[PDB]
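Trainee: With the input below, show me the fold.
(6 chains, ligands or ions: 4)
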Amino acid sequence: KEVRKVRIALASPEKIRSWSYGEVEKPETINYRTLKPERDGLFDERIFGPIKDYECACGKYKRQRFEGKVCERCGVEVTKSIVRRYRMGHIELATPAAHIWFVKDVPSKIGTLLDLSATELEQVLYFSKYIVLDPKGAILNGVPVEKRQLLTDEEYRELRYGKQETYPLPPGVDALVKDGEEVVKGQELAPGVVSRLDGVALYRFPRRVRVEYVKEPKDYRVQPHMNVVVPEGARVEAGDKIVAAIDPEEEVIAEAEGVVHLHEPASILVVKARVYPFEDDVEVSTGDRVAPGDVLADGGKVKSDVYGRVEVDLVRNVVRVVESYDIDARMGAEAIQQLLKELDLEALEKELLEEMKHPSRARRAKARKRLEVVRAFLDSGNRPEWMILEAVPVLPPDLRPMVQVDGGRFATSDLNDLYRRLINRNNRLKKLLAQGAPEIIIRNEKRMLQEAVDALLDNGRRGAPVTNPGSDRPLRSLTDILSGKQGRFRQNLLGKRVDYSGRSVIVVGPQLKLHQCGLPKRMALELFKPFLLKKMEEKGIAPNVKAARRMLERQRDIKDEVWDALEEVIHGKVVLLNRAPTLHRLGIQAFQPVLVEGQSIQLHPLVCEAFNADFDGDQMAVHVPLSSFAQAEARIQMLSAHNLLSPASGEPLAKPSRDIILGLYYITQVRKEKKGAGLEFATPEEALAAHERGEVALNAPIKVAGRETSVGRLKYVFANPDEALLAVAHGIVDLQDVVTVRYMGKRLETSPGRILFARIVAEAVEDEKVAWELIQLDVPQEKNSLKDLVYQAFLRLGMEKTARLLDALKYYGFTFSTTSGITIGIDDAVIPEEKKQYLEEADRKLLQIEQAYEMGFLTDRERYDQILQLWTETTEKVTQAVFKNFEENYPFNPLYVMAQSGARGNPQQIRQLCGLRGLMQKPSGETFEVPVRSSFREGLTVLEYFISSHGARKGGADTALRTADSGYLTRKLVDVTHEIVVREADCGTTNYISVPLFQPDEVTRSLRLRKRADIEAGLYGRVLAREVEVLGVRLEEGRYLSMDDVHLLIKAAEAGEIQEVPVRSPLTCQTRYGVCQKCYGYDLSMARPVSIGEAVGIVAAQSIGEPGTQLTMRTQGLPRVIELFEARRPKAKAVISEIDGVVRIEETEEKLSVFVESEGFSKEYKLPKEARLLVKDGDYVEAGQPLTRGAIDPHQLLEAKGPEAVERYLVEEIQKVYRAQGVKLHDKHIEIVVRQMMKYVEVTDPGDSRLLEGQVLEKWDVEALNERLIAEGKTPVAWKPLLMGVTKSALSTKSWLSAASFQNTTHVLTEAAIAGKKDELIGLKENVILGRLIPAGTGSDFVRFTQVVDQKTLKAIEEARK
Amino acid sequence: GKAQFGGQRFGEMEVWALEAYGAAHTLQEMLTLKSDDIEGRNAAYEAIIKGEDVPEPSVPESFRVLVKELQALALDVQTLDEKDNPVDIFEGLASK
Amino acid sequence: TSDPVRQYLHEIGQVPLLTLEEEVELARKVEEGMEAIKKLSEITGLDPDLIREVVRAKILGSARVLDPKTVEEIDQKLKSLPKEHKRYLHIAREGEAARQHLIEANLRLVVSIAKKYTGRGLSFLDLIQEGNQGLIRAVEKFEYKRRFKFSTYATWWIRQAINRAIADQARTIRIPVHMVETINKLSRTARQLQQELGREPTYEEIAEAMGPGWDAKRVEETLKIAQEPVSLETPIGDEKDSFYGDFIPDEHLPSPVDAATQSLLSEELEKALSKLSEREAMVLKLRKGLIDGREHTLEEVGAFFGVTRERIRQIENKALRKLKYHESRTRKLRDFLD
Amino acid sequence: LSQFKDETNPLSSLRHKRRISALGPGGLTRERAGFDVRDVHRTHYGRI
DNA sequence: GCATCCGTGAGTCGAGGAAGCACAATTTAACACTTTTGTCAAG
DNA sequence: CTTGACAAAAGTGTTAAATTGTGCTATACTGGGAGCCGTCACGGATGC
Ligand SMILES: [Mg+2]
Ligand SMILES: [Mg+2]
Ligand SMILES: [Zn+2]
Ligand SMILES: [Zn+2]
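Mentor: Numbers count the residues shown, from 1 in each chain, chains lettered A, B, ... in the order given. Ligands and ions are numbered 1, 2, ... in the order given. You can find the structure just below:
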């Protein structure tokens, strides 16, 4: 069968014993000399199976013939050794031990069921306070003892063994109270010591005995080794023994008849007891417990009158009943187990339902939590008493191996040590119980057993972590194995090490195609080793596979035909290149390997930006897909030439880069001269003749008669591009000169470089007209123009022609950057003549400010602010001067060309190289008053360098502490939206979102058109929900909005015809466990409608998390994004109006108050004094509209306006941060993540359902329950929308596997085990953990069952069937 | 590690990239056939050296270790089928 | 509460220390109770162990988990005895109670003894509990007639129990007590020689100093045995992202190459055996274990085919020679021999 | 703090002997350290 | 409504590997002797 | 195809030597030692 669901539930002791093949009774692991496992040990062959396949311990059966047989001599079953990895054991605990996962995991589930606090549960479990299970008529301090009452050690001893005290008398003094007399509290016993409790007083050690002979008060002295054997006031006849001693020589006897009197006791024992004299034999014995009315002695004549412990004193021959109660009080996990057994879940559920109606909110919340736990136990079918372990399971020994390394040393895991400690403590407890150890020792050993069980289950959670003696390293328990970044889930389940994988340093390959990479010969031989062996076997290179492998083992034994065979193997196959970190989905790309001589991987330049890979020492990994499915997926979906557009924004990602852009811009830029630059003539011949006279330059802009042209456009008229480029080759004209060409029947006035670029595009796309329509010939080719050209080529031609154009552009750009002559010199950083003047003006203004400050016209703070403003203005002016100097005097300056073309550098860096470094910041954040007036070309001073080092180190630390946060946020986004897949073509929903085209600017307080980039990010590749009529164009419902449609909508908005665009979005998608094709829109990586089965959730998470590193960190930047995704309450939260109305300001010196007034309601908000109010008197504010500048609390906005408003606010605020950094990200991803955030609701009115008020569930589930209740006429469940962060939403998912593998593994696992949650394997993480086919991509049910058949076989089937 | 002649770590982020591409079969191979499916990897190697296609992969050993450790934590982890009947992924080797 | 040792010390601090007189009376009561149990067993004829267990269960009360019904029956039988025997029953009960009190009141002594044995592979509380076991044994064997205080006799048993527990439970791989003593003596001798010579001694000097019957080889083997196993989870590196288990290959399960070559060898052998006759191939498979069973002897195969041993040997040799001829003429099976 | 010596070149060992680490036993930790310890204080002039 | 203790989390690769002593109960190396073949002559 | 003689290979039955495990030391000892520390933010109960 096929695994479809995974169920986790509590394991009963009977089930645990059923799992085990035998009880592990000894802690011995292996023998030290023979190295064989010891019998009944942690590694016993009799329990966990044989060490080697088909071989018993006794060495009698050694073959597969006796398969499934258990040897009679040794007991080891004759089977495969691999069962050693799968056969478990069990340890039968002498006393029950509570599972720590159900004790210290707040809220304590056992405590929740028993209504016991964490402290009380810890005290009871770890033997600190007793708990009563049967009072047995016990009265404490005048209050009868009730059940479930906690008793300390003193209280338990008082109730169980009675009250007793010992007062030690000083030597020599005689007690004032006779032996066997009742005394009251405060009564003096001896002259130096007084009693503290009422009871019978007894002599402990009489030091002197005073016998009164009758014929003589003879006295005898008693020593510690002598014991009196007669009572006080007893008649002793001559010869009777009086005092017994070790030596009969010193034994004291009576000479004649007398009366024995005891005197001088060592101490007095006062016990709260009743004394009964007796004459005949007693019916009871010492240690028993009696009740009033019970017979004690004399055959019923003497009857007990009070509960207590009975003890017979033969010396005084009386029966003492100490007043005590046979109270049943216990500690440890046995009492907890008994209490959980006694619970009736039905009665508890009924009581909790009754209590749920209490008006108190805290009472209702507590009842809801307890009732949720009870309902989980009831529905799961588990028993509460299963939470306390009676038999501890034992992991198979191969999962905790004791291996022998090649060096002879033994390596073992910490689980062996934990099991050894547990077994030792259990056996010691068994021995102590068998030996009748006292209560203290037994209690201590039971506490040790409980602590050992806790350490085995989860080490370090409670108390000091258990460490191996001789070191302070905590032992690795099962919880530590299964939790954390180094746990099983994140290290061996979600990610694994793979075979057929290599790694090497990458180098740039310009000669490679976009779909090719340079795989080294040795790496290809090692990675394709099995295929190479098969190919060598096919040919005559080797006789068989073994000979081929032996040949390949030695480097000098490899012939020359092996390389030819390897080349034959890799024909058609592709390999996956990977570079860590894989920030987005293009970090792994399929390339067609090309064998190269060397050891470094050759990487195509164009994909480098996709890989975020430079060639300063990067390393990349190579993986080899094996089967036909993997090869088809790599060649069709994962191919580098097939992923030309970025899925995040839809713009091209494999586009011309630094050197390519530099070369194309250099050739496509025209020359501007200044020789003539204005001279006007009458006829063109005059201008030409002046040109040969040298008065005017070739490219100098002149006027011939009325029009403005140049000498080049008149002197050089080329009939076709071939003649122009032939003249360029001969050196008559340059690529940067402006001449007249006849292209496509049009007399253009352009440069031969631009005509050459047009020809390049035409030859690359093999279509002159389309290529002409794609390019813009009137501007130099910068990065943006090349990107637009690539996108237009992708739209008009397809992937293959776009890849060909990309390769041609790369080749030509590289060649022209090589031959153009771009170089960086110290004089290329031109110092403007205006910098000195600006610095002098700044110095004069600073001197004026200082003089004014000395005059007292301004204070320190505003003087510092003015200095900062002055220096910022000076820096901006210097930047403008630098760029004006470049664009006027040196238009082809390498720094200017690189900055303008976008190949490298930004205006700030060009300023630092050419202008001034500027202001710098202190480590505390303040900026230095004096700036760094010297640039890098002039050279900084030591002090200026030290000042700049502060900012440099701050930026480095910011990047270091920001990369981890960005990665963790990306992990959260992946784990919360891992289940989102395109699962159907259309869900049929009628809801939508109105994307606004106008933003309400507050400085003008009016609607202004948003930026084109924002509208494109919010509308490109989206399905129109409603038909839109703009500019005579009717976009029907269900039409995908392309870039042309977005531009048309933008133009219509500019014409004032449309205010907002209604589009279908994932927020309004009704598809369960995913989205629909018509709601997602285009697949931005292909500029076509999304294919059904794509994992859009993972794509969205990666797209959002990739530019997290680029966001500035320094409520702004990446922390703002994090607090937005987590729905955290901002510290400087804004104040919003809960209800709509007219605003009224009551600003007073005492307090600041804002009133929202309505027809019958009036709300008051007490604002802080330093609040930047953005609303004035006489304004109409709506519900949720902010009143103070700041960050809106998402929960307050959701509760004030509604789910749509809070979703829109979240999307807009998240997108604002990316806009501020220049990163273009489509709103689909943010909307998907927000939809995942808004997936949960809270029940307010249970209605006709079993749900509880305040319970949090999924919106889809409650909607289904509501429609089901409506179908058969029942009161619907009232629910309130709930917003939670990505962490809380991911942790509360229905599938326990993904939640456990994400975070809080212990809590998720314990909740799932208690509730018996069954994982349906809906998302992608669970299938990854189980290694199944994920329900996305080729594994989606929509396309998984597609069948391909030829014509002939299909016709045969039809003919043979019909 | 190169010194120990080990493979390349295919961590979580690479799995996310494969899921984003939708390469379900490649991801399954890299999780089972090429990593820890003992019978699966042995059969795949035998098929490749024989010129045949690799067989369908099976349950990884890592999931078996997960199940056994969860059982050692006294948690009953059971894998079910469409009809909710228990499914033995250990091929009867752990059944008494 | 958080510190188990603190809680245990607080618990043992609630039992006042025994004076000399109290110690003597408790020891005398224990001796008298043992003698009374002996007399009761002699008279009633019951097992002394059974009577002692019944008396101990009655003394400890019902707060303890043989079924209690037989304990009650035995107690009723003992109480049915006349007064001269109920006297011994009461003496036994008082002796058991005194034994419990005496054991309870000497926990400070065992704590003080065990505080000097810490750091030898066992935790403090484990040493305390093993010393408690030794203390119980000492109370069982203590005699007050010799007039020696209880501490003097109890210390021997407590330290003996602690040392035995350290020898038997401080190592993951258990080593017998005699070998533990040998290792300890070897370590002491090595340390003494090391401090005497001012350098680490070689095995020859250690063996010479140990005594007769010891050589360098035996010292080396003893040191090799005394090597504690190394943990598989010891981190290596500044970051806590590596462990020993990540560098130890698994050499038990066959590698994919090994399984592949085994399958290839099986297929080639099956193809080669096709050239043999039907009977010869079956005989060779039976004689070489190709039927997954142990190689059947000549007599077993002969009885299976109803043939004598000599003919089976002859046909097996002839078939082996034919296979050798085929291999020589083909050479398609030599590479698998290695 | 006892690190395996880096002696690729004499300058390597010379720098390694003159390194100052805020980590180690009793010191800070890689992921327990904020911006306060990682910044260049004004007193680092001429000393670090 | 708020101060406070507790628990959980904080990027990816790679390259870093301190007694002895006596005495009885259990195991096993060393042999000695039948038992069982593996093979060889006899055709 | 069979019918007897040989020459080891393995198993059975003692034999003590080696190894292993439990019992016993009688002046008097009567409550532990190591920590110990530079982080922030966010649930979430725990009380006042
Ligand atoms: Mg780099
Ligand atoms: Mg001309
Ligand atoms: Zn066996
Ligand atoms: Zn939809």
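
Trainee: List the contacts of the spatially most central residue of chain B.
Mentor: Residue closest to the average C-alpha location in chain B (CA atoms, centre = their mean): residue B:60, at 2.2 Å. Residue B:60 is in contact with A:496, A:1330, A:1331, B:31, B:32, B:35, B:36, B:37, counting by CB atoms under 8 Å, 6 or more residues apart in numbering or on different chains. All C-beta spots, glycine's among them, are computed from the backbone N, C-alpha and C.

Trainee: Return the closest of the residues you listed with respect to ligand 1.
Mentor: Using CB to the ion, residue A:496 comes nearest to ligand 1 of these, at 26.1 Å.

Trainee: Residue B:32 is in contact with the closest one, correct?
Mentor: No. Using CB atoms under 8 Å, residue A:496 is not in contact with residue B:32; the gap is 9.0 Å.

Trainee: Show me which of the contacts of residue B:60 are buried.
Mentor: Among these, those scoring as buried are A:496, A:1330, A:1331, B:31, B:32, B:35, B:36, B:37 (criterion: 16 or more other CB atoms under 10 Å in any protein chain shown).

Trainee: Compute the number of surrounding residues for the residue lying closest to residue A:299 once chain neighbours are set aside.
Mentor: Closest residue to residue A:299 apart from its sequence neighbours, by CB to CB, 6 or more residues apart in numbering or on different chains: residue A:280 at 6.6 Å. Neighbourhood size, residue A:280 [other CB atoms under 10 Å in any protein chain shown]: 11.

Trainee: Touching, residue A:280 and residue A:295? I think so.
Mentor: No. Between residue A:280 and residue A:295 there is no contact under CB under 8 Å: 11.6 Å.

Trainee: Against residue A:400, how distant is the residue of the stretch 51-200 of chain A found nearest ligand 1?
Mentor: The nearest approach of the stretch 51-200 of chain A to ligand 1 comes at residue A:85, 42.3 Å away (CB to the ion). To residue A:400, residue A:85 is 11 Å away according to CB to CB, to the nearest Å.

Trainee: Can you name the residues that contact the residue of the stretch 51-200 of chain A closest to ligand 1?
Mentor: Contacts of residue A:85 by CB under 8 Å, 6+ apart are A:396, A:398, A:399, B:61, B:64, B:68.

Trainee: any idea which of these is closest to residue A:795?
Mentor: Ranked by distance to residue A:795 (CB to CB), the contacts of residue A:85 are led by residue B:61 at 48.2 Å.

Trainee: Any idea how many residues pack against the closest residue to chain A within chain B?
Mentor: Per CB to the nearest CB, residue B:22 is where chain B lies closest to chain A, at 2.0 Å. A count of nearby residues for residue B:22, using other CB under 10 Å, gives 29.

Trainee: Just the buried residues of stretch A:470-490, please?
Mentor: A:474-483, A:486-490.

Trainee: and it with chain D, contact?
Mentor: No. Using CB under 8 Å from any CB of the partner chain, stretch A:470-490 never reaches chain D; the gap is at least 10.8 Å.

Trainee: How far does that stretch sit from its chain's centre?
Mentor: 17 Å (CA atoms, centre = their mean, to the nearest Å).

Trainee: Ends of it, what's the gap?
Mentor: 31 Å (CA to CA, to the nearest Å).

Trainee: ok, whichever residue of chain D sits closest to chain B to ligand 3 distance?
Mentor: Residue nearest to chain B within chain D: residue D:4 (15.5 Å; CB to the nearest CB). With the distance defined as CB to the ion, to the nearest Å, residue D:4 ends up 50 Å from ligand 3.

Trainee: quick one: that residue is in a helix?
Mentor: No. Assigned with DSSP: H, G, I helix; E, B strand; the rest coil, residue D:4 falls outside any helix and is coil.
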